[PDB]
Amino acid sequence: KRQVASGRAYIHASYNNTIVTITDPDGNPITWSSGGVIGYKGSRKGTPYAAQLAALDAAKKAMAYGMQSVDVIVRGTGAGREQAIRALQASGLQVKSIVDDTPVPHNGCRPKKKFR
Amino acid sequence: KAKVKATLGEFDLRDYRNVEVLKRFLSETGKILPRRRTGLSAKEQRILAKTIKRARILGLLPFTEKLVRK
Amino acid sequence: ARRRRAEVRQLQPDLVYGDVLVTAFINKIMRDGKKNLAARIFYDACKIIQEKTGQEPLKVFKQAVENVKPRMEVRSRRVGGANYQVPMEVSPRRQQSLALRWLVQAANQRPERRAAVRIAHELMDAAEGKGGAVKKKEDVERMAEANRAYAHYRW
RNA sequence: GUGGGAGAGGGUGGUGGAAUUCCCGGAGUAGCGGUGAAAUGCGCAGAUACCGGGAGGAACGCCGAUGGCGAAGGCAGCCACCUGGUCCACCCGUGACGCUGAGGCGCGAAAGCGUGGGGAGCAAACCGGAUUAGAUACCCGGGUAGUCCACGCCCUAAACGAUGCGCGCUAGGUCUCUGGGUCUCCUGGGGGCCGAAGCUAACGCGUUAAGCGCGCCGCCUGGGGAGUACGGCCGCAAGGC
Ligand SMILES: [Mg+2]
Ligand SMILES: [Mg+2]
Ligand SMILES: [Mg+2]
Ligand SMILES: [Mg+2]
Ligand SMILES: [Mg+2]
Ligand SMILES: [Mg+2]
Ligand SMILES: [Mg+2]
Ligand SMILES: [Mg+2]
Ligand SMILES: [Mg+2]
Ligand SMILES: [Mg+2]
Ligand SMILES: [Mg+2]
Ligand SMILES: [Mg+2]
Ligand SMILES: [Mg+2]
Ligand SMILES: [Mg+2]
Ligand SMILES: [Mg+2]
Ligand SMILES: [Mg+2]
Ligand SMILES: [Mg+2]
Ligand SMILES: [Mg+2]
Ligand SMILES: [Mg+2]
Ligand SMILES: [Mg+2]
Ligand SMILES: [Mg+2]
Ligand SMILES: [Mg+2]
Ligand SMILES: [Mg+2]
Ligand SMILES: [Mg+2]
Ligand SMILES: [Mg+2]
Ligand SMILES: [Mg+2]
Ligand SMILES: [Mg+2]
Ligand SMILES: [Mg+2]
Ligand SMILES: [Mg+2]
Ligand SMILES: [Mg+2]
Ligand SMILES: [Mg+2]
Ligand SMILES: [Mg+2]
Ligand SMILES: [Mg+2]
Ligand SMILES: [Mg+2]
Ligand SMILES: [Mg+2]
């Protein structure tokens with residue numbers, strides 16, 4: 001009910017999960033998916049296969065919205081951070097460009113004990 | 001690979017307003033290039049870093065950028 | 001095989017066909033060192049399989065063994081706690097061995113009274129695309145395509 | 001003295017972007033988070049993810065080094081102001097004005113104390129979830145003091161180069177920071193690495209001495225008891241000498 005025909009795709013990948021949000025050229029989201037949206041529940045959500053399935057599910061929902069041309073934004077690092085982009089390439093969506101916009105601070109906040 | 005100073009003129013390392021030449025010393029991202037790729041001495045690099053930060057605060061040089069093709 | 005490659009034994013050819021797979025299958029049928037009785041089993045089964053269906057037992061044997069050979073399987077790999085079932089492809093030599101073993105084991109798990117009858121009907125069913133050996137093969141293949149989520153643990 | 005130089009040296013005020021959190025709004029469904037697995041937890045009062053806007057605190061990515069500065073503790077965005085130390089060249093001035101230093105005085109990471117502010121993130125205590133034979137721990141989710149600032153205390157440390165300060169003498173080689181020079185190089189002054197002689201119980205040190213000498217200060221005399229007791233002094237207390 002939108003007929004967007006073009007937009008962005010943000011891939012947020014971590015070591016516990018990978019999620020894909022397909023949005024429009026001025027930032028508002030259209031659809032999304034993740035390792036928990038699909039069957040997997042626990043650490044299974046962090047596998048590259050779950051990332052591939054999440055990317056494919058989000059891409060098919062975008063097809064339902066009528067998406068053809070997609071720009072890719074990538075934030076984070078984890079298993080399947082690349083598999084998501086590979087499935088997104090071979091999903092049937094013409095990939096416009098891939099961009100890694102992983103937010104990194106300028107040494108602002110103190111991390112948790114795990115991260116020091 | 002070519003170092004920045006090797007392909008450049010007799011330019012001012014203390015000019016924070018010349019974006020044309022200061023852009024050469026930034027990376028694909030907004031990061032300052034190391035001495036391995038700038039071919040500068042320690043003193044030259046130390047002056048270049050401060051001039052780059054000066055230009056950044058004046059909105060002439062990017063504080064950070066986005067990586068492509070990743 | 002810590003040092004060497006464990007060079008494969010080259011079986012003797014067969015006296016009836018001249019083919020090596022027949023000798024390998026006859027060995028797989030043999031028990032307690034009776035290759036004579038096993039050969040008689042296989043060749044009475046050859047006569048029965050050539051009579052009950054008017055085809056050559058050569059190509060039916062070959063097509064059955066070809067139908068039973070699987071293309072993927074699972075091996076257990078110890079990673080981060082308890083091990084996982086990781087799928088992978090199969091060697092041609094191991095495909096041959098597994099096909100013949102499943103053939104014999106599904107033939108002797110049949111109801112038929114005589115051994116040769118079991119062998120013949122098992123070969124027939126396997127050559128048609130059905131039977132117990134092909135069922136075990138397709139279960140092996142169903143292990144693949146199922147735990148394929150571990151496709152990054154190939155090793 | 002003159003003339004140049006390098007620097008996260010200190011203080012004060014200003015100021016920039018990234019990121020976290022929170023709030024407002026848009027769009028958008030069903031989970032997010034987390035782990036070796038999980039669960040507590042959060043989510044239909046609309047979360048997570050995405051976009052725009054706002055608020056606030058704290059810390060300064062790349063440059064960055066095996067680098068620099070400081071007497072030590074220690075000191076990293078940028079700008080301005082106030083200010084310390086230091087190095088080199090000139091061979092100009094004073095004319096032994098020097099070295100060390102019991103006491104004293106000042107400084108002194110973190111944590112801690114008092115009064116008043118501040119509070120994002122982190123986080124003793126604590127509240128829960130797991131794990132385990134038990135879990136008072138490691139792992140997960142929360143969370144106070146605190147961490148931050150002003151002022152006044154506290155005087156400890158693996159406060160380490162486990163090497164007190166100063167001066168002279170005793171092969172070089174190699175990397176480096178910063179000056180001067182007639183600038184394959186030389187000559188000072190710092191930071192490393194090999195290694196002469198020599199030293200050392202050995203490891204190792206070796207012009208940045210643990211070598212050869214001189215001056216002065218501090219300290220040592222088997223281990224436990226014990227940095228405890230008593231006494232004194234200091235401290236709001238903790239406690240310190
Ligand atoms: Mg997870
Ligand atoms: Mg400074
Ligand atoms: Mg300062
Ligand atoms: Mg909202
Ligand atoms: Mg709820
Ligand atoms: Mg609930
Ligand atoms: Mg509720
Ligand atoms: Mg607030
Ligand atoms: Mg660094
Ligand atoms: Mg000064
Ligand atoms: Mg004179
Ligand atoms: Mg005179
Ligand atoms: Mg003195
Ligand atoms: Mg004294
Ligand atoms: Mg103190
Ligand atoms: Mg403190
Ligand atoms: Mg306080
Ligand atoms: Mg926390
Ligand atoms: Mg905690
Ligand atoms: Mg318990
Ligand atoms: Mg001495
Ligand atoms: Mg020079
Ligand atoms: Mg020094
Ligand atoms: Mg030197
Ligand atoms: Mg010697
Ligand atoms: Mg040495
Ligand atoms: Mg000496
Ligand atoms: Mg000694
Ligand atoms: Mg003593
Ligand atoms: Mg004693
Ligand atoms: Mg004590
Ligand atoms: Mg006494
Ligand atoms: Mg006392
Ligand atoms: Mg008292
Ligand atoms: Mg004590």
# chains A, B, ... in the order shown; residues from 1 in each chain; ligands from 1

call {"tool": "residues_near_ligand", "arguments": {"ligand": "ligand 30", "cutoff": "8 Å", "atoms": "only C-alpha atoms (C1' of nucleotides) and all ligand atoms", "output": "PDB file with N, CA, C and O atoms (P, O5', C5', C4', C3', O3' and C1' of nucleotides), in the first residue's frame"}}
result
ATOM      1  P     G D 222      70.261 -10.216  62.048  1.00  0.00           P
ATOM      2  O5'   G D 222      69.251 -10.936  61.049  1.00  0.00           O
ATOM      3  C5'   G D 222      69.563 -11.077  59.672  1.00  0.00           C
ATOM      4  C4'   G D 222      68.948 -12.324  59.090  1.00  0.00           C
ATOM      5  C3'   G D 222      67.446 -12.482  59.278  1.00  0.00           C
ATOM      6  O3'   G D 222      66.678 -11.741  58.345  1.00  0.00           O
ATOM      7  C1'   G D 222      68.511 -14.482  59.898  1.00  0.00           C
ATOM      8  P     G D 223      65.214 -11.203  58.742  1.00  0.00           P
ATOM      9  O5'   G D 223      64.306 -12.512  58.749  1.00  0.00           O
ATOM     10  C5'   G D 223      64.038 -13.211  57.544  1.00  0.00           C
ATOM     11  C4'   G D 223      63.160 -14.417  57.774  1.00  0.00           C
ATOM     12  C3'   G D 223      61.856 -14.172  58.512  1.00  0.00           C
ATOM     13  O3'   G D 223      60.841 -13.610  57.699  1.00  0.00           O
ATOM     14  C1'   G D 223      62.913 -16.065  59.420  1.00  0.00           C
ATOM     15  P     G D 224      59.802 -12.560  58.332  1.00  0.00           P
ATOM     16  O5'   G D 224      58.951 -13.435  59.357  1.00  0.00           O
ATOM     17  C5'   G D 224      58.140 -14.500  58.887  1.00  0.00           C
ATOM     18  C4'   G D 224      57.597 -15.347  60.010  1.00  0.00           C
ATOM     19  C3'   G D 224      56.728 -14.642  61.035  1.00  0.00           C
ATOM     20  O3'   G D 224      55.412 -14.395  60.576  1.00  0.00           O
ATOM     21  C1'   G D 224      58.249 -16.062  62.143  1.00  0.00           C
TER      22        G D 224
END

call {"tool": "interface_residues", "arguments": {"of": "chain C", "to": "chain A", "cutoff": "10 Å", "atoms": "only C-alpha atoms", "output": "VMD selection string"}}
result
chain C and resid 148 to 152

call {"tool": "residues_near_ligand", "arguments": {"ligand": "ligand 17", "cutoff": "12 Å", "atoms": "only C-alpha atoms (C1' of nucleotides) and all ligand atoms", "output": "PDB file with N, CA and C atoms (P, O5', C5', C4', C3', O3' and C1' of nucleotides), in the first residue's frame"}}
result
ATOM      1  P     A D 111      39.074   7.277  42.745  1.00  0.00           P
ATOM      2  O5'   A D 111      38.839   6.511  44.122  1.00  0.00           O
ATOM      3  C5'   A D 111      38.559   5.120  44.134  1.00  0.00           C
ATOM      4  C4'   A D 111      38.872   4.498  45.471  1.00  0.00           C
ATOM      5  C3'   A D 111      38.158   5.102  46.669  1.00  0.00           C
ATOM      6  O3'   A D 111      36.832   4.632  46.823  1.00  0.00           O
ATOM      7  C1'   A D 111      40.449   4.884  47.164  1.00  0.00           C
ATOM      8  P     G D 112      35.665   5.653  47.247  1.00  0.00           P
ATOM      9  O5'   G D 112      36.082   6.119  48.712  1.00  0.00           O
ATOM     10  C5'   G D 112      36.155   5.182  49.776  1.00  0.00           C
ATOM     11  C4'   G D 112      36.794   5.775  51.006  1.00  0.00           C
ATOM     12  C3'   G D 112      36.138   7.019  51.575  1.00  0.00           C
ATOM     13  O3'   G D 112      34.967   6.739  52.318  1.00  0.00           O
ATOM     14  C1'   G D 112      38.475   7.321  51.521  1.00  0.00           C
ATOM     15  P     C D 113      33.735   7.768  52.296  1.00  0.00           P
ATOM     16  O5'   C D 113      34.227   8.971  53.217  1.00  0.00           O
ATOM     17  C5'   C D 113      34.631   8.744  54.558  1.00  0.00           C
ATOM     18  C4'   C D 113      35.042  10.024  55.239  1.00  0.00           C
ATOM     19  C3'   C D 113      34.088  11.196  55.098  1.00  0.00           C
ATOM     20  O3'   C D 113      32.970  11.105  55.961  1.00  0.00           O
ATOM     21  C1'   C D 113      36.308  11.932  54.751  1.00  0.00           C
ATOM     22  P     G D 114      31.575  11.778  55.538  1.00  0.00           P
ATOM     23  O5'   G D 114      31.852  13.337  55.692  1.00  0.00           O
ATOM     24  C5'   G D 114      32.200  13.892  56.951  1.00  0.00           C
ATOM     25  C4'   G D 114      32.399  15.381  56.848  1.00  0.00           C
ATOM     26  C3'   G D 114      31.382  16.121  56.000  1.00  0.00           C
ATOM     27  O3'   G D 114      30.157  16.341  56.672  1.00  0.00           O
ATOM     28  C1'   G D 114      33.554  16.866  55.454  1.00  0.00           C
ATOM     29  P     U D 115      28.780  16.322  55.848  1.00  0.00           P
ATOM     30  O5'   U D 115      28.723  17.771  55.193  1.00  0.00           O
ATOM     31  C5'   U D 115      28.834  18.931  56.003  1.00  0.00           C
ATOM     32  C4'   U D 115      29.006  20.173  55.169  1.00  0.00           C
ATOM     33  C3'   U D 115      28.143  20.265  53.923  1.00  0.00           C
ATOM     34  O3'   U D 115      26.801  20.625  54.189  1.00  0.00           O
ATOM     35  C1'   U D 115      30.350  20.879  53.383  1.00  0.00           C
ATOM     36  P     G D 116      25.627  19.988  53.300  1.00  0.00           P
ATOM     37  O5'   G D 116      25.781  20.722  51.896  1.00  0.00           O
ATOM     38  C5'   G D 116      25.694  22.136  51.816  1.00  0.00           C
ATOM     39  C4'   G D 116      26.147  22.661  50.476  1.00  0.00           C
ATOM     40  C3'   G D 116      25.492  22.059  49.248  1.00  0.00           C
ATOM     41  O3'   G D 116      24.182  22.541  49.017  1.00  0.00           O
ATOM     42  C1'   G D 116      27.815  22.267  48.881  1.00  0.00           C
ATOM     43  P     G D 117      23.231  21.797  47.956  1.00  0.00           P
ATOM     44  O5'   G D 117      23.740  22.338  46.547  1.00  0.00           O
ATOM     45  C5'   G D 117      23.594  21.552  45.375  1.00  0.00           C
ATOM     46  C4'   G D 117      24.616  21.921  44.329  1.00  0.00           C
ATOM     47  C3'   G D 117      24.551  21.123  43.038  1.00  0.00           C
ATOM     48  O3'   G D 117      23.564  21.608  42.146  1.00  0.00           O
ATOM     49  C1'   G D 117      26.786  21.202  43.794  1.00  0.00           C
ATOM     50  P     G D 118      22.442  20.617  41.563  1.00  0.00           P
ATOM     51  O5'   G D 118      23.238  19.715  40.521  1.00  0.00           O
ATOM     52  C5'   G D 118      24.063  20.308  39.530  1.00  0.00           C
ATOM     53  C4'   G D 118      25.024  19.305  38.946  1.00  0.00           C
ATOM     54  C3'   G D 118      24.412  17.989  38.497  1.00  0.00           C
ATOM     55  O3'   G D 118      23.791  18.080  37.226  1.00  0.00           O
ATOM     56  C1'   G D 118      26.369  17.563  39.756  1.00  0.00           C
ATOM     57  P     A D 145      24.261   7.686  44.658  1.00  0.00           P
ATOM     58  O5'   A D 145      25.510   7.504  45.631  1.00  0.00           O
ATOM     59  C5'   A D 145      25.395   7.775  47.021  1.00  0.00           C
ATOM     60  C4'   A D 145      26.542   7.184  47.801  1.00  0.00           C
ATOM     61  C3'   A D 145      27.932   7.649  47.395  1.00  0.00           C
ATOM     62  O3'   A D 145      28.283   8.897  47.965  1.00  0.00           O
ATOM     63  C1'   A D 145      27.917   5.299  47.565  1.00  0.00           C
ATOM     64  P     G D 146      28.736  10.122  47.026  1.00  0.00           P
ATOM     65  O5'   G D 146      29.998   9.559  46.232  1.00  0.00           O
ATOM     66  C5'   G D 146      31.161   9.112  46.917  1.00  0.00           C
ATOM     67  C4'   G D 146      31.936   8.110  46.098  1.00  0.00           C
ATOM     68  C3'   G D 146      32.572   8.640  44.821  1.00  0.00           C
ATOM     69  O3'   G D 146      33.816   9.278  45.054  1.00  0.00           O
ATOM     70  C1'   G D 146      31.409   6.642  44.345  1.00  0.00           C
ATOM     71  P     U D 147      34.182  10.649  44.300  1.00  0.00           P
ATOM     72  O5'   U D 147      34.422  10.210  42.787  1.00  0.00           O
ATOM     73  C5'   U D 147      35.461   9.305  42.448  1.00  0.00           C
ATOM     74  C4'   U D 147      35.257   8.711  41.077  1.00  0.00           C
ATOM     75  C3'   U D 147      35.175   9.698  39.923  1.00  0.00           C
ATOM     76  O3'   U D 147      36.453  10.122  39.478  1.00  0.00           O
ATOM     77  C1'   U D 147      33.453   8.074  39.726  1.00  0.00           C
ATOM     78  P     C D 148      36.943  11.635  39.709  1.00  0.00           P
ATOM     79  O5'   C D 148      35.815  12.517  39.013  1.00  0.00           O
ATOM     80  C5'   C D 148      35.662  12.532  37.602  1.00  0.00           C
ATOM     81  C4'   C D 148      34.747  13.648  37.169  1.00  0.00           C
ATOM     82  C3'   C D 148      34.960  14.975  37.875  1.00  0.00           C
ATOM     83  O3'   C D 148      36.034  15.724  37.337  1.00  0.00           O
ATOM     84  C1'   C D 148      32.657  14.456  37.872  1.00  0.00           C
ATOM     85  P     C D 149      37.041  16.499  38.320  1.00  0.00           P
ATOM     86  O5'   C D 149      36.234  17.812  38.726  1.00  0.00           O
ATOM     87  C5'   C D 149      35.675  18.651  37.728  1.00  0.00           C
ATOM     88  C4'   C D 149      34.815  19.738  38.323  1.00  0.00           C
ATOM     89  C3'   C D 149      35.385  20.453  39.535  1.00  0.00           C
ATOM     90  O3'   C D 149      36.356  21.427  39.195  1.00  0.00           O
ATOM     91  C1'   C D 149      33.106  19.935  39.915  1.00  0.00           C
ATOM     92  P     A D 150      37.554  21.762  40.214  1.00  0.00           P
ATOM     93  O5'   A D 150      36.857  22.641  41.343  1.00  0.00           O
ATOM     94  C5'   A D 150      36.197  23.856  41.014  1.00  0.00           C
ATOM     95  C4'   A D 150      35.618  24.521  42.236  1.00  0.00           C
ATOM     96  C3'   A D 150      36.474  24.461  43.488  1.00  0.00           C
ATOM     97  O3'   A D 150      37.514  25.420  43.492  1.00  0.00           O
ATOM     98  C1'   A D 150      34.250  23.890  44.032  1.00  0.00           C
ATOM     99  P     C D 151      38.980  24.999  43.993  1.00  0.00           P
ATOM    100  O5'   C D 151      38.848  25.005  45.579  1.00  0.00           O
ATOM    101  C5'   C D 151      38.444  26.183  46.257  1.00  0.00           C
ATOM    102  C4'   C D 151      37.944  25.885  47.647  1.00  0.00           C
ATOM    103  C3'   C D 151      38.871  25.082  48.539  1.00  0.00           C
ATOM    104  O3'   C D 151      39.948  25.833  49.067  1.00  0.00           O
ATOM    105  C1'   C D 151      36.676  24.251  48.742  1.00  0.00           C
ATOM    106  P     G D 152      41.370  25.120  49.294  1.00  0.00           P
ATOM    107  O5'   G D 152      41.152  24.242  50.605  1.00  0.00           O
ATOM    108  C5'   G D 152      40.904  24.868  51.854  1.00  0.00           C
ATOM    109  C4'   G D 152      40.316  23.919  52.869  1.00  0.00           C
ATOM    110  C3'   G D 152      41.188  22.760  53.318  1.00  0.00           C
ATOM    111  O3'   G D 152      42.191  23.140  54.244  1.00  0.00           O
ATOM    112  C1'   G D 152      38.988  21.993  52.932  1.00  0.00           C
ATOM    113  P     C D 153      43.503  22.232  54.435  1.00  0.00           P
ATOM    114  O5'   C D 153      42.928  20.750  54.555  1.00  0.00           O
ATOM    115  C5'   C D 153      43.721  19.676  55.035  1.00  0.00           C
ATOM    116  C4'   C D 153      42.858  18.604  55.656  1.00  0.00           C
ATOM    117  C3'   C D 153      43.462  17.210  55.710  1.00  0.00           C
ATOM    118  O3'   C D 153      44.325  17.032  56.820  1.00  0.00           O
ATOM    119  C1'   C D 153      41.244  17.086  54.884  1.00  0.00           C
ATOM    120  P     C D 154      45.776  16.375  56.622  1.00  0.00           P
ATOM    121  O5'   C D 154      45.466  14.869  56.203  1.00  0.00           O
ATOM    122  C5'   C D 154      44.694  14.016  57.039  1.00  0.00           C
ATOM    123  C4'   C D 154      44.231  12.792  56.290  1.00  0.00           C
ATOM    124  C3'   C D 154      45.330  11.970  55.632  1.00  0.00           C
ATOM    125  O3'   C D 154      45.879  11.019  56.528  1.00  0.00           O
ATOM    126  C1'   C D 154      43.526  12.328  54.103  1.00  0.00           C
TER     127        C D 154
END

call {"tool": "select_by_dssp", "arguments": {"residues": "range 4-116 of chain A", "states": "alpha helix (DSSP H)", "output": "compact mmCIF listing (two decimals) with N, CA and C atoms, in the first residue's frame"}}
result
# COMPACT_ATOMS: atom_id res chain seq x y z
N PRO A 48 25.22 -17.14 10.99
CA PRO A 48 25.08 -16.52 9.66
C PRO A 48 23.86 -16.99 8.88
N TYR A 49 23.41 -18.23 9.11
CA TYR A 49 22.22 -18.71 8.41
C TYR A 49 20.98 -17.95 8.84
N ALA A 50 20.88 -17.63 10.14
CA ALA A 50 19.76 -16.81 10.60
C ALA A 50 19.82 -15.42 9.99
N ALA A 51 21.02 -14.85 9.86
CA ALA A 51 21.15 -13.55 9.21
C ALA A 51 20.71 -13.61 7.75
N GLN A 52 21.10 -14.67 7.04
CA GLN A 52 20.67 -14.85 5.66
C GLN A 52 19.15 -14.94 5.57
N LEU A 53 18.54 -15.75 6.44
CA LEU A 53 17.09 -15.91 6.41
C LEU A 53 16.38 -14.61 6.76
N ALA A 54 16.91 -13.85 7.72
CA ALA A 54 16.31 -12.58 8.09
C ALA A 54 16.39 -11.59 6.94
N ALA A 55 17.56 -11.50 6.30
CA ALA A 55 17.69 -10.62 5.14
C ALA A 55 16.72 -11.01 4.03
N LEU A 56 16.59 -12.31 3.77
CA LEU A 56 15.69 -12.77 2.71
C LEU A 56 14.23 -12.49 3.05
N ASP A 57 13.84 -12.70 4.31
CA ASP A 57 12.47 -12.43 4.72
C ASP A 57 12.16 -10.94 4.60
N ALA A 58 13.07 -10.09 5.07
CA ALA A 58 12.86 -8.65 4.94
C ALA A 58 12.80 -8.24 3.47
N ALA A 59 13.64 -8.84 2.63
CA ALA A 59 13.64 -8.51 1.22
C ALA A 59 12.33 -8.91 0.55
N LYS A 60 11.76 -10.06 0.95
CA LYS A 60 10.49 -10.48 0.37
C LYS A 60 9.35 -9.61 0.86
N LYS A 61 9.39 -9.18 2.12
CA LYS A 61 8.39 -8.21 2.55
C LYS A 61 8.51 -6.91 1.76
N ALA A 62 9.74 -6.48 1.47
CA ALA A 62 9.95 -5.31 0.60
C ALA A 62 9.39 -5.55 -0.79
N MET A 63 9.56 -6.76 -1.33
CA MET A 63 8.91 -7.11 -2.60
C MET A 63 7.40 -6.93 -2.50
N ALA A 64 6.81 -7.39 -1.39
CA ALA A 64 5.40 -7.13 -1.15
C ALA A 64 5.11 -5.63 -1.15
N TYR A 65 6.05 -4.83 -0.63
CA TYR A 65 5.87 -3.38 -0.75
C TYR A 65 6.27 -2.86 -2.12
N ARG A 81 27.31 -11.01 9.56
CA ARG A 81 27.28 -9.61 9.15
C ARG A 81 27.52 -9.48 7.65
N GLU A 82 28.28 -10.40 7.07
CA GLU A 82 28.51 -10.44 5.63
C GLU A 82 27.50 -11.34 4.91
N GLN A 83 27.08 -12.43 5.55
CA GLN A 83 26.08 -13.31 4.95
C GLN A 83 24.77 -12.59 4.71
N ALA A 84 24.41 -11.66 5.59
CA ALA A 84 23.21 -10.86 5.35
C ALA A 84 23.34 -10.08 4.05
N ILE A 85 24.50 -9.46 3.82
CA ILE A 85 24.68 -8.70 2.59
C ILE A 85 24.72 -9.63 1.38
N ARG A 86 25.28 -10.83 1.54
CA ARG A 86 25.33 -11.77 0.42
C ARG A 86 23.92 -12.21 0.01
N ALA A 87 23.11 -12.61 0.99
CA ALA A 87 21.72 -12.97 0.70
C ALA A 87 20.96 -11.78 0.14
N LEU A 88 21.21 -10.57 0.66
CA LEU A 88 20.56 -9.37 0.16
C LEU A 88 20.95 -9.09 -1.29
N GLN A 89 22.19 -9.42 -1.66
CA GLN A 89 22.61 -9.29 -3.05
C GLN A 89 21.88 -10.29 -3.93

call {"tool": "residues_near_ligand", "arguments": {"ligand": "ligand 11", "cutoff": "8 Å", "atoms": "only C-alpha atoms (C1' of nucleotides) and all ligand atoms", "output": "ChimeraX atom specification"}}
result
/D:91-93

call {"tool": "residues_near_ligand", "arguments": {"ligand": "ligand 18", "cutoff": "10 Å", "atoms": "only C-alpha atoms (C1' of nucleotides) and all ligand atoms", "output": "PyMOL selection string"}}
result
(chain A and resi 111-113) or (chain D and resi 121-123+141-143)
